[PDB]
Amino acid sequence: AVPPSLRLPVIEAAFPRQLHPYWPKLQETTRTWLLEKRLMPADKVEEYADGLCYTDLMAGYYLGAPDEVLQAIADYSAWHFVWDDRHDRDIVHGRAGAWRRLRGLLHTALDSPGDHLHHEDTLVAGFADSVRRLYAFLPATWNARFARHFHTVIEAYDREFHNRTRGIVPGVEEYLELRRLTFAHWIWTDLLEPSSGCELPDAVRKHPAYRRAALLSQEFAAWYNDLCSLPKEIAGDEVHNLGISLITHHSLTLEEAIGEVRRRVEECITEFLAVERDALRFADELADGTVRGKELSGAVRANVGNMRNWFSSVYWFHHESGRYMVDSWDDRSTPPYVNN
C-alpha cells in the first residue's frame, strides 16, 4: 500500500518486480560482511540490517548476475549506504578534517585497493575489499572506467560537504547535474557489464539509445529517492533534494514541489519506454549471425532489461526499507541505524 503522493500506477502495472535466485543467501552473506568488516555496530546490524533491504535492492536490479558478482555488488552497495551515513555524520558534527582524510583515502584506495584492505578506518578497509573484488571480473579497461567514475563521485560528495557546511542549497540545474554524481548514476551503469559478463565496446555502450536508456533509469531512481527521502531529509537538515531546490529557489510550496518532482519522475518512465524500444532494436541489429554479435546482443538486452528492473526495485525498496521510515523514529533528525 504505497501512499498516494508516492504511488506510481505505471510502475506497479507495467514494471513487474524481479528477484535474483541468490537473494536468500545474499541477504545473509552481506549481513555477515557488514559485521565482520565492522561497518556497523553489531547491535544495529542485528536490529536494522535486514530491515534496511539493501540486498533486496540489488537482487531486484542485477538479474542474471553470477552469484559472486552479485555478492560483490551487494557488499559494495551496502558499503555505499554506510558511507552516505558517515558522510552525513561528519557534516552534522563539523568534522571537516576527518572527512577530508576519508575523502583522500577513498581516492587512493580506488586506484590501489589491495594496499587498503586492513586500514584502521573500517570504512576504508571495507571499501577496498568490495572494490578489489569488483576489479576481478572484467579487463583492466573496465576497472579504469569504474575508477574514473568513482573519483568523480567522491568529489561530488565533497561538494555536498561544502554546500551543507556553508548552508547552500544548490540551484535546480546545479542540483540536477550534481545528482548524477552523488546518486552514482555511472557506477550502477558500469556494474551492468560484469553482471552480464561482458565489457561493452564504447561504440555499443555510447549508442544514443543505450546512453539515454541508462540515463533515464538513473534519473528516475535518483528523483524518486528524492521524492521518498524528502521527509527524513528535511528532518535531518539535508539540503540535496530536487524538492528542496525547488522550494528554496523557485518559491514553490511543499505540495507544489512534490507535484513537480512527481511529474519529472513520471516523465522518465514514459521516455524510458520509448528509448527502451530503440535500445532493443539496436540489440537486434547487433545479432548479425556471428558469435560476437550474438554475445553483444545478449549483453545489451540483459543490460537494458536491468535498467528496466531498476525502476521496480527502487520503487518497492523505498516502500519496504527501514531507511526512510522517519515517522517510526524516536528522533526524526537522527535515524536509528546511523552511528552518531
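From 1 onward, residues are counted along the sequence shown.
Report the stretch with the higher mean CA temperature factor, choosing between 308 to 316 and 280 to 288 on the basis of the entry.
-> For C-alpha atoms only, the mean B-factor is higher in 280 to 288.
Averaged over C-alpha atoms, is the B-factor higher for 248 to 256 or for 140 to 148 in this PDB entry?
-> The deposited B-factors put 248 to 256 ahead on the C-alpha mean.
Peak C-alpha temperature factor (PDB record), options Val45, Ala65, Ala302, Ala274 | It is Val45.
How does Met40 rank on Cα B-factor within its chain, lowest, middle or highest third?
-> As the PDB entry reports it, the C-alpha B-factor of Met40 lands in the highest third of its chain.
Would you check the entry's CA temperature factor for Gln18 and let me know if it's in the chain's lowest, middle or highest third?
-> Ranked within chain, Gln18 CA B lands in the middle tercile.
Relative C-alpha B-factor of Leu52, binned into the chain's lowest, middle or highest third | Middle third - that is where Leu52 ends up once the chain's C-alpha B-factors are sorted.
Chain-wide C-alpha B factor ranking for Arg332, given as lowest, middle or highest third | Tercile = highest for this residue's CA B-factor.
Using the B-factor values recorded in the entry, state whether the Cα atom of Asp90 falls in the lowest, middle or highest third among the modelled residues of its chain.
-> Lowest third, going by the recorded CA B-factors of the chain.
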